[PDB]
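S.K.: For reference, this is data.pdb, and it has PDB, C-alpha atoms and all ligand atoms.
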ATOM      1  CA  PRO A   1     -66.603  37.546 -89.951  1.00  0.00           C
ATOM      2  CA  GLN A   2     -64.292  35.727 -87.537  1.00  0.00           C
ATOM      3  CA  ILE A   3     -64.835  31.996 -86.947  1.00  0.00           C
ATOM      4  CA  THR A   4     -63.179  30.392 -83.924  1.00  0.00           C
ATOM      5  CA  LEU A   5     -62.263  26.719 -83.978  1.00  0.00           C
ATOM      6  CA  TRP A   6     -63.798  25.420 -80.763  1.00  0.00           C
ATOM      7  CA  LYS A   7     -66.258  23.621 -83.001  1.00  0.00           C
ATOM      8  CA  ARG A   8     -66.177  22.547 -86.637  1.00  0.00           C
ATOM      9  CA  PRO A   9     -66.235  25.641 -88.895  1.00  0.00           C
ATOM     10  CA  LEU A  10     -69.467  24.744 -90.645  1.00  0.00           C
ATOM     11  CA  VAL A  11     -71.247  27.353 -92.692  1.00  0.00           C
ATOM     12  CA  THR A  12     -74.188  27.513 -95.069  1.00  0.00           C
ATOM     13  CA  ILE A  13     -73.363  27.296 -98.746  1.00  0.00           C
ATOM     14  CA  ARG A  14     -75.712  27.398-101.695  1.00  0.00           C
ATOM     15  CA  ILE A  15     -75.369  25.496-104.932  1.00  0.00           C
ATOM     16  CA  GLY A  16     -78.468  25.950-107.092  1.00  0.00           C
ATOM     17  CA  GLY A  17     -81.593  24.923-105.197  1.00  0.00           C
ATOM     18  CA  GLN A  18     -79.644  23.153-102.478  1.00  0.00           C
ATOM     19  CA  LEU A  19     -78.407  24.830 -99.319  1.00  0.00           C
ATOM     20  CA  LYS A  20     -75.812  22.695 -97.574  1.00  0.00           C
ATOM     21  CA  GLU A  21     -73.654  22.909 -94.479  1.00  0.00           C
ATOM     22  CA  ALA A  22     -69.940  22.745 -95.387  1.00  0.00           C
ATOM     23  CA  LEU A  23     -66.602  22.973 -93.576  1.00  0.00           C
ATOM     24  CA  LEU A  24     -64.318  25.897 -94.238  1.00  0.00           C
ATOM     25  CA  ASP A  25     -61.266  23.726 -94.649  1.00  0.00           C
ATOM     26  CA  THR A  26     -57.756  25.115 -94.970  1.00  0.00           C
ATOM     27  CA  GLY A  27     -56.415  21.554 -95.251  1.00  0.00           C
ATOM     28  CA  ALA A  28     -58.383  20.929 -98.461  1.00  0.00           C
ATOM     29  CA  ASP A  29     -56.743  21.925-101.775  1.00  0.00           C
ATOM     30  CA  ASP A  30     -60.050  21.438-103.581  1.00  0.00           C
ATOM     31  CA  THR A  31     -63.765  21.689-102.808  1.00  0.00           C
ATOM     32  CA  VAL A  32     -65.489  18.337-102.228  1.00  0.00           C
ATOM     33  CA  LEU A  33     -69.261  18.111-102.021  1.00  0.00           C
ATOM     34  CA  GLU A  34     -71.509  15.211-101.059  1.00  0.00           C
ATOM     35  CA  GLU A  35     -73.141  13.278-103.879  1.00  0.00           C
ATOM     36  CA  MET A  36     -75.380  15.511-105.997  1.00  0.00           C
ATOM     37  CA  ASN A  37     -76.533  15.346-109.603  1.00  0.00           C
ATOM     38  CA  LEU A  38     -75.135  18.589-111.015  1.00  0.00           C
ATOM     39  CA  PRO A  39     -75.716  19.480-114.661  1.00  0.00           C
ATOM     40  CA  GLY A  40     -72.965  19.626-117.267  1.00  0.00           C
ATOM     41  CA  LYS A  41     -69.674  18.067-118.279  1.00  0.00           C
ATOM     42  CA  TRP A  42     -67.331  16.529-115.710  1.00  0.00           C
ATOM     43  CA  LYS A  43     -64.141  14.440-115.495  1.00  0.00           C
ATOM     44  CA  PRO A  44     -63.341  11.540-113.136  1.00  0.00           C
ATOM     45  CA  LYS A  45     -60.729  12.011-110.466  1.00  0.00           C
ATOM     46  CA  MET A  46     -59.355  10.320-107.352  1.00  0.00           C
ATOM     47  CA  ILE A  47     -58.498  12.291-104.238  1.00  0.00           C
ATOM     48  CA  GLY A  48     -56.643  11.097-101.195  1.00  0.00           C
ATOM     49  CA  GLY A  49     -56.749  11.741 -97.467  1.00  0.00           C
ATOM     50  CA  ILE A  50     -56.811   9.875 -94.160  1.00  0.00           C
ATOM     51  CA  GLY A  51     -57.967   6.313 -94.893  1.00  0.00           C
ATOM     52  CA  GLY A  52     -57.129   6.355 -98.627  1.00  0.00           C
ATOM     53  CA  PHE A  53     -58.774   7.603-101.807  1.00  0.00           C
ATOM     54  CA  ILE A  54     -62.294   8.227-103.066  1.00  0.00           C
ATOM     55  CA  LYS A  55     -63.534   8.613-106.610  1.00  0.00           C
ATOM     56  CA  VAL A  56     -65.067  11.985-107.491  1.00  0.00           C
ATOM     57  CA  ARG A  57     -66.574  13.864-110.449  1.00  0.00           C
ATOM     58  CA  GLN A  58     -64.876  17.165-111.280  1.00  0.00           C
ATOM     59  CA  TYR A  59     -67.217  19.964-112.402  1.00  0.00           C
ATOM     60  CA  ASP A  60     -65.745  23.278-113.498  1.00  0.00           C
ATOM     61  CA  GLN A  61     -67.022  26.854-113.212  1.00  0.00           C
ATOM     62  CA  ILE A  62     -69.811  26.084-110.759  1.00  0.00           C
ATOM     63  CA  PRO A  63     -71.168  29.115-108.889  1.00  0.00           C
ATOM     64  CA  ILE A  64     -71.409  28.622-105.122  1.00  0.00           C
ATOM     65  CA  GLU A  65     -72.559  31.138-102.522  1.00  0.00           C
ATOM     66  CA  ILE A  66     -70.705  30.863 -99.171  1.00  0.00           C
ATOM     67  CA  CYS A  67     -72.175  32.923 -96.297  1.00  0.00           C
ATOM     68  CA  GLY A  68     -73.474  35.431 -98.871  1.00  0.00           C
ATOM     69  CA  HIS A  69     -70.091  35.765-100.621  1.00  0.00           C
ATOM     70  CA  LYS A  70     -69.995  34.719-104.282  1.00  0.00           C
ATOM     71  CA  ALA A  71     -67.562  32.141-105.590  1.00  0.00           C
ATOM     72  CA  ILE A  72     -67.205  30.282-108.865  1.00  0.00           C
ATOM     73  CA  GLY A  73     -64.892  27.368-109.522  1.00  0.00           C
ATOM     74  CA  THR A  74     -64.133  23.674-109.616  1.00  0.00           C
ATOM     75  CA  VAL A  75     -66.257  21.424-107.404  1.00  0.00           C
ATOM     76  CA  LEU A  76     -65.515  17.715-106.832  1.00  0.00           C
ATOM     77  CA  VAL A  77     -68.583  15.555-106.211  1.00  0.00           C
ATOM     78  CA  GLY A  78     -68.427  12.175-104.540  1.00  0.00           C
ATOM     79  CA  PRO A  79     -68.940  10.025-101.450  1.00  0.00           C
ATOM     80  CA  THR A  80     -67.404  12.371 -98.897  1.00  0.00           C
ATOM     81  CA  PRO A  81     -68.993  12.206 -95.408  1.00  0.00           C
ATOM     82  CA  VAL A  82     -68.852  15.996 -95.118  1.00  0.00           C
ATOM     83  CA  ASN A  83     -69.143  18.914 -97.542  1.00  0.00           C
ATOM     84  CA  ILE A  84     -65.711  20.579 -97.758  1.00  0.00           C
ATOM     85  CA  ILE A  85     -64.948  24.113 -98.942  1.00  0.00           C
ATOM     86  CA  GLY A  86     -61.316  24.026-100.043  1.00  0.00           C
ATOM     87  CA  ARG A  87     -58.686  26.686-100.729  1.00  0.00           C
ATOM     88  CA  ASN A  88     -59.743  27.098-104.371  1.00  0.00           C
ATOM     89  CA  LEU A  89     -62.920  28.849-103.100  1.00  0.00           C
ATOM     90  CA  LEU A  90     -61.717  30.060 -99.667  1.00  0.00           C
ATOM     91  CA  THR A  91     -59.360  32.540-101.391  1.00  0.00           C
ATOM     92  CA  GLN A  92     -62.263  33.884-103.493  1.00  0.00           C
ATOM     93  CA  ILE A  93     -64.359  34.822-100.448  1.00  0.00           C
ATOM     94  CA  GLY A  94     -61.351  36.502 -98.784  1.00  0.00           C
ATOM     95  CA  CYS A  95     -60.593  33.832 -96.165  1.00  0.00           C
ATOM     96  CA  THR A  96     -57.394  33.921 -94.091  1.00  0.00           C
ATOM     97  CA  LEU A  97     -55.993  32.153 -91.035  1.00  0.00           C
ATOM     98  CA  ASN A  98     -54.965  34.495 -88.224  1.00  0.00           C
ATOM     99  CA  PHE A  99     -53.110  34.049 -84.922  1.00  0.00           C
TER     100      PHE A  99
ATOM    101  CA  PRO B   1     -49.367  36.119 -88.512  1.00  0.00           C
ATOM    102  CA  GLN B   2     -52.016  36.386 -91.214  1.00  0.00           C
ATOM    103  CA  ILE B   3     -51.899  33.447 -93.616  1.00  0.00           C
ATOM    104  CA  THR B   4     -53.581  33.552 -97.024  1.00  0.00           C
ATOM    105  CA  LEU B   5     -54.701  30.414 -98.824  1.00  0.00           C
ATOM    106  CA  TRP B   6     -53.449  30.609-102.398  1.00  0.00           C
ATOM    107  CA  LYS B   7     -50.749  28.193-101.145  1.00  0.00           C
ATOM    108  CA  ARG B   8     -51.046  25.320 -98.613  1.00  0.00           C
ATOM    109  CA  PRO B   9     -50.731  26.728 -95.075  1.00  0.00           C
ATOM    110  CA  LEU B  10     -47.597  24.741 -94.205  1.00  0.00           C
ATOM    111  CA  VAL B  11     -45.649  25.870 -91.143  1.00  0.00           C
ATOM    112  CA  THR B  12     -42.605  24.729 -89.234  1.00  0.00           C
ATOM    113  CA  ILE B  13     -43.368  23.059 -85.908  1.00  0.00           C
ATOM    114  CA  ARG B  14     -41.004  22.007 -83.129  1.00  0.00           C
ATOM    115  CA  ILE B  15     -41.745  18.737 -81.336  1.00  0.00           C
ATOM    116  CA  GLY B  16     -39.151  16.890 -79.213  1.00  0.00           C
ATOM    117  CA  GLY B  17     -36.406  19.181 -80.513  1.00  0.00           C
ATOM    118  CA  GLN B  18     -37.241  18.110 -84.065  1.00  0.00           C
ATOM    119  CA  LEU B  19     -38.418  20.480 -86.768  1.00  0.00           C
ATOM    120  CA  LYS B  20     -41.178  19.269 -89.058  1.00  0.00           C
ATOM    121  CA  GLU B  21     -43.463  20.842 -91.657  1.00  0.00           C
ATOM    122  CA  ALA B  22     -47.194  20.581 -90.807  1.00  0.00           C
ATOM    123  CA  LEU B  23     -50.410  21.753 -92.438  1.00  0.00           C
ATOM    124  CA  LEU B  24     -52.768  24.062 -90.574  1.00  0.00           C
ATOM    125  CA  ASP B  25     -55.977  22.116 -91.150  1.00  0.00           C
ATOM    126  CA  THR B  26     -59.274  23.630 -89.944  1.00  0.00           C
ATOM    127  CA  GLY B  27     -61.168  20.588 -91.306  1.00  0.00           C
ATOM    128  CA  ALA B  28     -59.321  18.295 -88.887  1.00  0.00           C
ATOM    129  CA  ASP B  29     -60.642  17.783 -85.334  1.00  0.00           C
ATOM    130  CA  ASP B  30     -57.322  16.237 -84.305  1.00  0.00           C
ATOM    131  CA  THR B  31     -53.609  16.833 -84.738  1.00  0.00           C
ATOM    132  CA  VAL B  32     -52.166  13.894 -86.657  1.00  0.00           C
ATOM    133  CA  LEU B  33     -48.472  13.377 -87.399  1.00  0.00           C
ATOM    134  CA  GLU B  34     -46.734  10.900 -89.685  1.00  0.00           C
ATOM    135  CA  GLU B  35     -44.963   7.944 -88.078  1.00  0.00           C
ATOM    136  CA  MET B  36     -42.448   9.091 -85.493  1.00  0.00           C
ATOM    137  CA  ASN B  37     -41.206   8.170 -82.037  1.00  0.00           C
ATOM    138  CA  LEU B  38     -42.585  10.056 -79.034  1.00  0.00           C
ATOM    139  CA  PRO B  39     -41.902   9.323 -75.368  1.00  0.00           C
ATOM    140  CA  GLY B  40     -44.413   8.005 -72.866  1.00  0.00           C
ATOM    141  CA  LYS B  41     -47.622   6.029 -72.694  1.00  0.00           C
ATOM    142  CA  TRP B  42     -49.944   6.053 -75.691  1.00  0.00           C
ATOM    143  CA  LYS B  43     -53.427   4.634 -76.273  1.00  0.00           C
ATOM    144  CA  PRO B  44     -54.518   2.926 -79.487  1.00  0.00           C
ATOM    145  CA  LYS B  45     -57.215   4.962 -81.244  1.00  0.00           C
ATOM    146  CA  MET B  46     -59.041   4.971 -84.580  1.00  0.00           C
ATOM    147  CA  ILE B  47     -59.870   8.063 -86.621  1.00  0.00           C
ATOM    148  CA  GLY B  48     -61.816   8.660 -89.834  1.00  0.00           C
ATOM    149  CA  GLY B  49     -61.022  10.775 -92.881  1.00  0.00           C
ATOM    150  CA  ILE B  50     -62.222  11.143 -96.425  1.00  0.00           C
ATOM    151  CA  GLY B  51     -61.013   7.633 -97.392  1.00  0.00           C
ATOM    152  CA  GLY B  52     -62.062   5.700 -94.283  1.00  0.00           C
ATOM    153  CA  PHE B  53     -60.555   4.833 -90.915  1.00  0.00           C
ATOM    154  CA  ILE B  54     -56.996   4.317 -89.772  1.00  0.00           C
ATOM    155  CA  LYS B  55     -55.302   3.191 -86.588  1.00  0.00           C
ATOM    156  CA  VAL B  56     -53.246   5.761 -84.687  1.00  0.00           C
ATOM    157  CA  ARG B  57     -51.326   6.103 -81.421  1.00  0.00           C
ATOM    158  CA  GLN B  58     -52.708   8.762 -79.074  1.00  0.00           C
ATOM    159  CA  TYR B  59     -50.167  10.746 -76.998  1.00  0.00           C
ATOM    160  CA  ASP B  60     -51.516  13.238 -74.430  1.00  0.00           C
ATOM    161  CA  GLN B  61     -50.024  16.482 -73.091  1.00  0.00           C
ATOM    162  CA  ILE B  62     -47.352  16.763 -75.766  1.00  0.00           C
ATOM    163  CA  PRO B  63     -45.736  20.198 -76.252  1.00  0.00           C
ATOM    164  CA  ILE B  64     -45.536  21.568 -79.800  1.00  0.00           C
ATOM    165  CA  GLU B  65     -44.388  25.010 -80.849  1.00  0.00           C
ATOM    166  CA  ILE B  66     -46.326  26.002 -83.954  1.00  0.00           C
ATOM    167  CA  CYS B  67     -44.827  28.913 -85.817  1.00  0.00           C
ATOM    168  CA  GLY B  68     -43.531  30.288 -82.482  1.00  0.00           C
ATOM    169  CA  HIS B  69     -46.737  29.662 -80.503  1.00  0.00           C
ATOM    170  CA  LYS B  70     -46.748  27.138 -77.651  1.00  0.00           C
ATOM    171  CA  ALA B  71     -49.320  24.348 -77.447  1.00  0.00           C
ATOM    172  CA  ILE B  72     -49.522  21.324 -75.116  1.00  0.00           C
ATOM    173  CA  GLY B  73     -52.096  18.765 -76.117  1.00  0.00           C
ATOM    174  CA  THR B  74     -53.094  15.542 -77.752  1.00  0.00           C
ATOM    175  CA  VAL B  75     -51.040  14.366 -80.707  1.00  0.00           C
ATOM    176  CA  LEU B  76     -52.072  11.334 -82.793  1.00  0.00           C
ATOM    177  CA  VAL B  77     -49.328   9.439 -84.646  1.00  0.00           C
ATOM    178  CA  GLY B  78     -50.169   7.268 -87.644  1.00  0.00           C
ATOM    179  CA  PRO B  79     -50.502   6.925 -91.428  1.00  0.00           C
ATOM    180  CA  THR B  80     -51.810  10.376 -92.264  1.00  0.00           C
ATOM    181  CA  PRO B  81     -50.665  11.439 -95.749  1.00  0.00           C
ATOM    182  CA  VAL B  82     -49.246  14.705 -94.303  1.00  0.00           C
ATOM    183  CA  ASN B  83     -48.536  16.106 -90.805  1.00  0.00           C
ATOM    184  CA  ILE B  84     -51.635  18.089 -89.816  1.00  0.00           C
ATOM    185  CA  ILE B  85     -52.357  20.586 -87.084  1.00  0.00           C
ATOM    186  CA  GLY B  86     -56.031  20.271 -86.160  1.00  0.00           C
ATOM    187  CA  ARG B  87     -58.519  22.260 -84.171  1.00  0.00           C
ATOM    188  CA  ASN B  88     -57.445  20.913 -80.754  1.00  0.00           C
ATOM    189  CA  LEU B  89     -54.141  22.796 -81.106  1.00  0.00           C
ATOM    190  CA  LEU B  90     -55.288  25.555 -83.477  1.00  0.00           C
ATOM    191  CA  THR B  91     -57.506  26.848 -80.643  1.00  0.00           C
ATOM    192  CA  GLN B  92     -54.556  26.754 -78.200  1.00  0.00           C
ATOM    193  CA  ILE B  93     -52.494  29.086 -80.410  1.00  0.00           C
ATOM    194  CA  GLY B  94     -55.501  31.426 -80.908  1.00  0.00           C
ATOM    195  CA  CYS B  95     -56.036  30.623 -84.589  1.00  0.00           C
ATOM    196  CA  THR B  96     -59.234  31.857 -86.288  1.00  0.00           C
ATOM    197  CA  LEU B  97     -60.670  31.989 -89.788  1.00  0.00           C
ATOM    198  CA  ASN B  98     -61.382  35.479 -91.088  1.00  0.00           C
ATOM    199  CA  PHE B  99     -63.035  36.879 -94.210  1.00  0.00           C
TER     200      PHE B  99
HETATM  201  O1  LIG A 101     -59.103  14.075 -92.392  1.00  0.00           O
HETATM  202  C1  LIG A 101     -59.660  14.961 -91.781  1.00  0.00           C
HETATM  203  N1  LIG A 101     -60.063  16.119 -92.282  1.00  0.00           N
HETATM  204  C2  LIG A 101     -60.200  16.431 -93.687  1.00  0.00           C
HETATM  205  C3  LIG A 101     -61.633  16.894 -93.971  1.00  0.00           C
HETATM  206  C4  LIG A 101     -62.598  15.809 -93.526  1.00  0.00           C
HETATM  207  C5  LIG A 101     -63.293  15.964 -92.332  1.00  0.00           C
HETATM  208  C6  LIG A 101     -64.179  14.983 -91.874  1.00  0.00           C
HETATM  209  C7  LIG A 101     -64.373  13.828 -92.625  1.00  0.00           C
HETATM  210  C8  LIG A 101     -63.672  13.666 -93.813  1.00  0.00           C
HETATM  211  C9  LIG A 101     -62.797  14.652 -94.267  1.00  0.00           C
HETATM  212  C10 LIG A 101     -59.154  17.454 -94.093  1.00  0.00           C
HETATM  213  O2  LIG A 101     -59.382  18.694 -93.430  1.00  0.00           O
HETATM  214  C11 LIG A 101     -59.140  17.626 -95.608  1.00  0.00           C
HETATM  215  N2  LIG A 101     -58.475  16.457 -96.224  1.00  0.00           N
HETATM  216  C12 LIG A 101     -57.193  16.838 -96.841  1.00  0.00           C
HETATM  217  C13 LIG A 101     -56.076  16.030 -96.228  1.00  0.00           C
HETATM  218  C14 LIG A 101     -56.194  15.903 -94.720  1.00  0.00           C
HETATM  219  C15 LIG A 101     -55.444  14.629 -94.444  1.00  0.00           C
HETATM  220  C16 LIG A 101     -53.957  14.817 -94.760  1.00  0.00           C
HETATM  221  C17 LIG A 101     -53.650  16.114 -95.518  1.00  0.00           C
HETATM  222  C18 LIG A 101     -54.674  16.518 -96.570  1.00  0.00           C
HETATM  223  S1  LIG A 101     -59.425  15.679 -97.270  1.00  0.00           S
HETATM  224  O3  LIG A 101     -60.738  15.750 -96.809  1.00  0.00           O
HETATM  225  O4  LIG A 101     -58.954  14.334 -97.310  1.00  0.00           O
HETATM  226  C19 LIG A 101     -59.259  16.356 -98.742  1.00  0.00           C
HETATM  227  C20 LIG A 101     -60.014  17.492 -99.040  1.00  0.00           C
HETATM  228  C21 LIG A 101     -59.861  18.151-100.250  1.00  0.00           C
HETATM  229  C22 LIG A 101     -58.957  17.688-101.197  1.00  0.00           C
HETATM  230  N3  LIG A 101     -58.654  18.193-102.409  1.00  0.00           N
HETATM  231  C23 LIG A 101     -57.722  17.488-103.066  1.00  0.00           C
HETATM  232  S2  LIG A 101     -57.099  16.111-102.207  1.00  0.00           S
HETATM  233  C24 LIG A 101     -58.163  16.571-100.946  1.00  0.00           C
HETATM  234  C25 LIG A 101     -58.315  15.918 -99.708  1.00  0.00           C
HETATM  235  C26 LIG A 101     -59.991  14.701 -90.361  1.00  0.00           C
HETATM  236  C27 LIG A 101     -61.268  14.992 -89.876  1.00  0.00           C
HETATM  237  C28 LIG A 101     -61.599  14.769 -88.548  1.00  0.00           C
HETATM  238  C29 LIG A 101     -60.641  14.227 -87.701  1.00  0.00           C
HETATM  239  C30 LIG A 101     -59.370  13.943 -88.195  1.00  0.00           C
HETATM  240  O5  LIG A 101     -58.445  13.416 -87.364  1.00  0.00           O
HETATM  241  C31 LIG A 101     -59.026  14.184 -89.523  1.00  0.00           C
END
Translate the structure described by the file into structure tokens.
Ligand SMILES: O=C(N[C@@H](Cc1ccccc1)[C@H](O)CN(CC1CCCCC1)S(=O)(=O)c1ccc2ncsc2c1)c1cccc(O)c1
M.R.:
Amino acid sequence: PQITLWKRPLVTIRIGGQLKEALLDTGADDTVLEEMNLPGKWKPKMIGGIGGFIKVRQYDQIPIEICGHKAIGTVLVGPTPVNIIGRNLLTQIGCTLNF
Amino acid sequence: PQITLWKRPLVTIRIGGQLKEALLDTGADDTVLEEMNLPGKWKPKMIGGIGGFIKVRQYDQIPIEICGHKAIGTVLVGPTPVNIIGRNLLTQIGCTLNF
């Protein structure tokens, strides 16, 4: 598909039994999801942006479905105000910027 | 051009005869540049990111050439970690997400 940028590029993603709306975000190195109690091992991390840093939990090899495309990779979980699909997954679903 | 996402989508911009590197950031509503001098009136504004809110200076109708494409729009100046091109100017240069 082609997604214009008049509005926020929000799309439906699925992670287990949760469907969520998430930004397709070319500015995000990593994928950051709102607080959720995912199973398995994780490692603490701090990530920075406008305003400063937040503390997140890094989960590896988590399958995520983004607009029906399959991805699997690292997901950071913490008190972000918006679900963010970062470049680590955007590349996997074939996402480019075009102008 | 078509820009893939295995690397950060950094591009050269021209603003006030100065060249700068900026990130094409679909997750950003606004264009936000690191501290710099720009001519004219500005308005104080506050914006929010992943780590909270910051104070910026809002400049309107500022020309920027992004990777050869002309925009004229709102540019916020403040303590962003990195120069970012947001949706307000991404739309002006005809940028879309594709997969
Ligand atoms: O900060 C914004 N946008 C955010 C997304 C956003 C939207 C709305 C609310 C909060 C955040 C960015 O697109 C992604 N961030 C990465 C940062 C951006 C700042 C400087 C460079 C790198 S980010 O969110 O801070 C971010 C994301 C992934 C990641 N992985 C490793 S470090 C890291 C940082 C934003 C949103 C709306 C208006 C606005 O003026 C700015």
S.K.: Go through A:77, A:38, A:95, A:22 one by one, measure the shortest atom-to-atom distance of each to chain B using only C-alpha atoms, and give the residue with the smallest value.
M.R.: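 Smallest distance to chain B is found for A:95.
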S.K.: Would you translate the PyMOL selection byres ((chain A and not hetatm) within 10 of (chain B)) into the concrete set of residues it matches in this file, as a VMD selection string?
M.R.: chain A and resid 1 to 10 22 to 29 32 47 to 55 69 79 to 82 84 to 99
S.K.: Residues picked by the PyMOL selection byres (((chain A and resi 68) around 10) and not hetatm) here, as a PyMOL selection string?
M.R.: chain A and resi 12-14+64-67+69-71+93
S.K.: Padding 6 Å on every side, please: axis-aligned box over the listed atoms of region 58-65 of chain A, centre and edge lengths to one decimal in Å, as lines of an AutoDock Vina configuration file.
M.R.:
center_x = -68.7
center_y = 24.2
center_z = -108.0
size_x = 19.7
size_y = 26.0
size_z = 23.0
S.K.: What is the distance, in Å and to one decimal place, between CA of residue 17 (chain B) and CA of residue 30 (chain B)?
M.R.: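 Calculated distance between CA of residue 17 (chain B) and CA of residue 30 (chain B) is 21.5 Å.
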S.K.: Since I can't run it myself right now, could you work out what the PyMOL selection byres (((chain B and resi 73) around 8) and not hetatm) selects here and report it as a PDB file with C-alpha atoms, in the coordinates of the input?
M.R.:
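Output saved as selection-v4.pdb:
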ATOM      1  CA  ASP B  60     -51.516  13.238 -74.430  1.00  0.00           C
ATOM      2  CA  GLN B  61     -50.024  16.482 -73.091  1.00  0.00           C
ATOM      3  CA  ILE B  62     -47.352  16.763 -75.766  1.00  0.00           C
ATOM      4  CA  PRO B  63     -45.736  20.198 -76.252  1.00  0.00           C
ATOM      5  CA  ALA B  71     -49.320  24.348 -77.447  1.00  0.00           C
ATOM      6  CA  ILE B  72     -49.522  21.324 -75.116  1.00  0.00           C
ATOM      7  CA  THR B  74     -53.094  15.542 -77.752  1.00  0.00           C
ATOM      8  CA  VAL B  75     -51.040  14.366 -80.707  1.00  0.00           C
ATOM      9  CA  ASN B  88     -57.445  20.913 -80.754  1.00  0.00           C
ATOM     10  CA  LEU B  89     -54.141  22.796 -81.106  1.00  0.00           C
TER      11      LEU B  89
END
S.K.: So how far away is CA of residue 76 (chain A) from CA of residue 42 (chain A), in Å?
M.R.: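 A separation of 9.1 Å between them.
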S.K.: Could you tell me how far atom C6 of ligand LIG 101 (chain A) lies from CA of residue 83 (chain A), in Å and to one decimal?
M.R.: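 Separation between atom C6 of ligand LIG 101 (chain A) and CA of residue 83 (chain A): 8.5 Å.
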S.K.: Looking at all atoms listed in the file, which of A:31, A:41, A:19, A:58 is the one that sits closest to ligand LIG 101 (chain A)?
M.R.: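 Looking at the shortest contact to ligand LIG 101 (chain A), the residue is A:31.
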S.K.: Just checking: using only C-alpha atoms and all ligand atoms, which residue out of B:43, B:16, B:11, B:33 ends up closest to ligand LIG 101 (chain A)?
M.R.: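 Answer, going by the shortest atom-to-atom distance: B:33.
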S.K.: Counting all atoms listed in the file, figure out which residue out of A:15, A:21, A:39, A:46 gets nearest to residue 59 (chain A).
M.R.: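 Looking only at the distances to residue 59 (chain A), the closest residue turns out to be A:39.
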S.K.: For region 74-85 of chain A, which lacks atoms in the input, supply N, CA, C and O atoms and format the output as a tab-separated table (two decimals), in the coordinates of the input.
M.R.:
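This is the output file out_10.tsv:
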chain	number	residue	atom	x	y	z
A	74	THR	N	-64.08	25.12	-109.47
A	74	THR	CA	-64.13	23.67	-109.62
A	74	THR	C	-64.72	23.09	-108.34
A	74	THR	O	-64.35	23.49	-107.24
A	75	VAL	N	-65.66	22.16	-108.52
A	75	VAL	CA	-66.26	21.42	-107.40
A	75	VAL	C	-66.14	19.93	-107.70
A	75	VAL	O	-66.47	19.48	-108.80
A	76	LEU	N	-65.65	19.16	-106.72
A	76	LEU	CA	-65.52	17.72	-106.83
A	76	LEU	C	-66.69	17.09	-106.11
A	76	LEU	O	-66.97	17.44	-104.98
A	77	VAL	N	-67.36	16.15	-106.76
A	77	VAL	CA	-68.58	15.56	-106.21
A	77	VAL	C	-68.39	14.06	-106.03
A	77	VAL	O	-68.00	13.34	-106.95
A	78	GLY	N	-68.62	13.58	-104.81
A	78	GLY	CA	-68.43	12.18	-104.54
A	78	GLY	C	-68.79	11.81	-103.12
A	78	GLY	O	-69.34	12.64	-102.38
A	79	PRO	N	-68.46	10.56	-102.72
A	79	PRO	CA	-68.94	10.02	-101.45
A	79	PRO	C	-68.08	10.48	-100.26
A	79	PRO	O	-67.53	9.66	-99.53
A	80	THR	N	-67.98	11.79	-100.09
A	80	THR	CA	-67.40	12.37	-98.90
A	80	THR	C	-68.47	12.38	-97.78
A	80	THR	O	-69.66	12.57	-98.05
A	81	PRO	N	-68.05	12.14	-96.53
A	81	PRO	CA	-68.99	12.21	-95.41
A	81	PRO	C	-69.38	13.61	-94.97
A	81	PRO	O	-70.30	13.78	-94.17
A	82	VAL	N	-68.64	14.60	-95.46
A	82	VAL	CA	-68.85	16.00	-95.12
A	82	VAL	C	-68.58	16.86	-96.35
A	82	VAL	O	-67.66	16.58	-97.13
A	83	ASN	N	-69.40	17.90	-96.53
A	83	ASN	CA	-69.14	18.91	-97.54
A	83	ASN	C	-67.93	19.75	-97.11
A	83	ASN	O	-67.84	20.17	-95.95
A	84	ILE	N	-67.01	19.97	-98.04
A	84	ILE	CA	-65.71	20.58	-97.76
A	84	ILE	C	-65.49	21.74	-98.71
A	84	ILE	O	-65.44	21.55	-99.94
A	85	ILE	N	-65.37	22.95	-98.16
A	85	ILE	CA	-64.95	24.11	-98.94
A	85	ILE	C	-63.44	24.22	-98.84
A	85	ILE	O	-62.89	24.50	-97.76
